[PDB]
Amino acid sequence: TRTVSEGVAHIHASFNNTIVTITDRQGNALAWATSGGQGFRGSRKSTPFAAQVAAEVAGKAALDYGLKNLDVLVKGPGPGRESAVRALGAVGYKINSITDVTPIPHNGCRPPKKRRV
Amino acid sequence: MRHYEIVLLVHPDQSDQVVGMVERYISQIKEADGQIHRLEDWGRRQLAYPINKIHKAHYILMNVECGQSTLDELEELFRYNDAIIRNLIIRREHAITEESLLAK
Amino acid sequence: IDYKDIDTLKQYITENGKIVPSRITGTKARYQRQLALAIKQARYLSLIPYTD
Amino acid sequence: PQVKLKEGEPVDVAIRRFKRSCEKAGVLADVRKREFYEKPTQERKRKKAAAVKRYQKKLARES
Amino acid sequence: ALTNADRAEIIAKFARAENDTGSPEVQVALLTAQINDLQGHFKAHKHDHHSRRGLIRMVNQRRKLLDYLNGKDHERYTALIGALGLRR
RNA sequence: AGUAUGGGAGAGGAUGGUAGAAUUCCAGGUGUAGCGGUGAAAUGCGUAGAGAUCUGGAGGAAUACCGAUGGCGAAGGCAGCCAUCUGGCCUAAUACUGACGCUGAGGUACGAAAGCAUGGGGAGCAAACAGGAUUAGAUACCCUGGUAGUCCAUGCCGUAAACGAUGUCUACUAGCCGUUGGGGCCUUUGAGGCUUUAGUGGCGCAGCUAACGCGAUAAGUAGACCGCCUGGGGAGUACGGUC
Ligand SMILES: [Mg+2]
Ligand SMILES: [Mg+2]
Ligand SMILES: [Mg+2]
Ligand SMILES: [Mg+2]
Ligand SMILES: [Mg+2]
Ligand SMILES: [Mg+2]
Ligand SMILES: [Mg+2]
Ligand SMILES: [Mg+2]
């Protein structure tokens, strides 16, 4: 029902999974997709293929709101980081800019122990 | 006595009363004895990042030469004055009178 | 260097706001130390951004 | 960061520019570093090894 | 914290000869004044071991200088200890 | 060997204040099928609305970039910024005391982390513990949670591969290349080139060494004092004593 022309895509790329969510400015959510919910369950989840699958699904879901110019914010490591933006651009959005918003502590909390594997 | 440099950020809304507060500070310093070596008002500035949910700040600079008691008094005055956010007090040797950059 | 010389302070800061290493610029050791102190003072005084 | 698109910039070229900017920034390096906690002794060991290696590199280049 | 004026006053009071700044009497007077002054600081900063090391260094130098003066002449040592209010 | 006066660099020590990033938790806005994790799984979390995104709050701990074969400290060890108190070191010219020195059995002071006593605090991490995997077995390595502890105040404990595995002080014996804090001289195109001093590194002659190697920061050539050793186990153990 509600129509918004401007939107923002958040891409939570990580070692195990990638999550795509479309939010109108002020951060209210419209649509979202994940790799795990689109097959590729297991080691396949982290591949960029699942990332682009999720990105296209989220974009197609979000087209209903009639938004054509999109801002992109990226945080975290992991494959599929660029596949998501490629898929979003392919869907037809106008990507205004891509920025890295991954958090960085200035020596805060103690990280977990190293794994003896 | 020693030499001190004071930078004060004042809330933009209460920028009208800045002349009065600084005048009171100078009067107190002179009453103690002291020496006012430098004084400027940089005006209001756009903050690099928000401080206490505010985006603008009035800026005042002073070089004074006073004693420990006067310094301590200035300290709690700045602490308790709500108009003053973000005060800073640096120690210096010698008095610098030359006009500062960023004056206007 | 003083915290009030914002132009030179920015001349040694990267776009993200991080301080540029001395090796890249050729600055001397003591000059680099005073530069870092001045940049930190300016960051406190909200004359230059901490990050971003 | 803050890679604003031009009027006709292709998405692939924009992504390449974003990759280059991120690589120059070194953001991924900190995230990798903080994944696990490393002992102070190991940190000093790594720094000393790096010091030796770069001194040897400088000597080799000078030679 | 002693000032230049205070140190000059001590030097003038205990100087045997004009411009005398290295005599045992002057050295011991200065060290005694410094040691007495630092007691107030060490009353409020009892866990300042790094500074207490220097305080002990001053104490040891004063002991050595007093022993040397006593060895060379007893009258000067007795007068110095009487003036500076030191047991030994 | 020491003293007075002018300057310099420094995460040297104690007390208090304060800034920004981040994790956790608590509410609310949007939104609805997963999230988390592994080599692969599973435990666990979530339709009583999780994860993601936005806003507002609570609290604890540590200070990205600078950062360096860099700096300071007797050793242990010291990192955001500001104020107060405070120890040492470096450097220059004058002016003083006149061997006032070196070492040190006993003795005494300080002394990582863990641990102990009293009171407080507790975000993250995490001995013990619980469950899930792997295995013939799994008291483990991997995963999910998690207590003491790690934090503050006042005391105790005296131990580490507390290592350069190299006790302190002193004089002398080719050279070459870096770097940190000072002093001196000479050029100019505004920063450089030579010296010298005190630290900190890389090669290397002679000399030494079983060899590896050390080589003005000696493990070379000499002097002063102290501590230590006498085949491997039994054993840094028993008995007695002190704490
Ligand atoms: Mg884990
Ligand atoms: Mg305390
Ligand atoms: Mg002994
Ligand atoms: Mg003790
Ligand atoms: Mg032992
Ligand atoms: Mg050690
Ligand atoms: Mg040993
Ligand atoms: Mg025993």
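A, B, ... follow the sequence lines: proteins, then strands. Residue 1 opens every chain.
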Would you call F:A162 and F:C163 stacked when the test is ring centres under 5.5 Å and planes under 30°?
no
With a 4.0 Å cut-off on heavy atoms, is E:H47 in touch with a base, just the backbone sugar-phosphate, or nothing at all?
sugar-phosphate
note: A:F40, atom CZ; F:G34, atom P; distance rounded to Å ~ 13 Å
For the pair made of CG in A:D64 and P in F:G31, what is the distance, rounded to whole Å?
14 Å
Can E:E25 and E:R76 be counted as an ion pair, charged N to O under 4.0 angstrom?
yes
Could you work out which one of F:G2, F:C142, F:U38 sits closest to the side chain of A:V117?
F:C142
If we check the six-membered rings of F:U43 and its strand neighbour F:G44, are the centres under 5.5 Å apart with planes under 30°?
yes
F:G155 and F:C116 as Watson-Crick or wobble pair, distances under 3.5 Å:
yes
Stacked pair F:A126-F:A127 by ring centres under 5.5 Å and planes under 30°
no
Do E:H49 side-chain and F:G88 base share a donor-acceptor contact under 3.5 Å?
no
Can you check the B:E93 CD to F:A9 P distance for me, whole Å?
12 Å
Using a cut-off of 3.5 Å for both contacts, decide if F:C141 and F:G232 are a Watson-Crick or G-U pair.
no
Base, sugar-phosphate, or nothing for B:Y4, non-hydrogen atoms under 4.0 angstrom?
sugar-phosphate
Under 4.0 Å between any heavy atoms, over every strand shown, what does B:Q68 touch: base, sugar-phosphate, or nothing? Just pick one.
sugar-phosphate
If you only use heavy atoms from C-beta on, which nucleotide in F:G13, F:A126, F:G87 is closest to the side chain of E:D48?
F:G13
Using the side-chain heavy atoms of B:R91, tell me which of these nucleotides is nearest: F:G192, F:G20, F:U84.
F:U84
Cation-pi geometry met for B:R86 and C:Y44 (6.0 Å, 45°):
yes
So, are D:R46 and D:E38 salt-bridged, with charged N and O less than 4.0 Å apart?
yes
Phosphate contact (F:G31 OP1 or OP2) by A:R2 side-chain N/O below 4.0 Å:
no
Electrostatic pair E:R62-E:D67, nearest N-O below 4.0 angstrom:
no
Go along nucleotides 92-105 of chain F 5' to 3' and tag each nucleotide: B for a protein heavy atom under 4.0 Å from its base, S when only backbone or sugar atoms are that close, - otherwise.
---BBBSSBS----
At 4.0 Å (heavy atoms only), tell me whether B:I51 reaches a base, stays on the sugar-phosphate, or touches nothing.
nothing
Hey, what's the ring geometry for E:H49 with E:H47, parallel, tilted or perpendicular (30° and 60° as the breaks)?
perpendicular
Stacked or not: do F:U179 and F:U180 have six-ring centres under 5.5 Å apart and planes under 30°?
yes
From the candidates F:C142, F:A22, F:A83, the one with an atom nearest any side-chain atom of A:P103 is F:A22
Sugar conformation, F:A222 - torsion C1'-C2'-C3'-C4' sign
north
Closest nucleotide among F:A41, F:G31, F:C35 to the A:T34 side chain
F:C35
Side chain of D:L59, heavy atoms from C-beta onward: which of F:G124, F:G202, F:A83 has the nearest atom to it?
F:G202
I want to know if F:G215 and F:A216 are stacked - that is, whether their six-membered base rings have centres under 5.5 Å apart and planes under 30 degrees.
no
Would you state whether a donor and an acceptor, one from the side chain of E:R53 and one from the base of F:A74, lie under 3.5 Å apart?
yes
Gap between atoms CZ and P, on C:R30 and F:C72 respectively (whole Å)
14 Å
Scanning both residues in full, the closest heavy-atom pair of C:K18 with D:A25 reads NZ-O, 4.5 Å
Nucleotide-resolved protein contact map, nucleotides 53-69 of chain F, B/S/- at heavy-atom distance under 4.0 Å
BS-----B-BSBBBSSB
Between B:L88 (CG) and F:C81 (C1'), how many Å, whole number?
8 Å
What's the closest nucleotide to the A:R110 side chain, out of F:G13, F:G124, F:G87?
F:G124
Is there a donor in the side chain of B:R38 and an acceptor in the side chain of B:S100, or the other way round, less than 3.5 Å apart?
no
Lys/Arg-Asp/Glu bridge criterion (N-O < 4.0 Å) met for B:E5, C:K4
yes
Please state whether the phosphate of F:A40, meaning OP1 or OP2, lies under 4.0 angstrom from any side-chain nitrogen or oxygen of A:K45.
no
Just to be sure I understand the rule, does B:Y49 reach a base, reach only the sugar-phosphate, or reach nothing, if contact means heavy atoms closer than 4.0 Å?
sugar-phosphate
Hey, does B:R79 reach any base, or is it just sugar-phosphate, or nothing, if we go heavy atoms under 4.0 Å?
sugar-phosphate
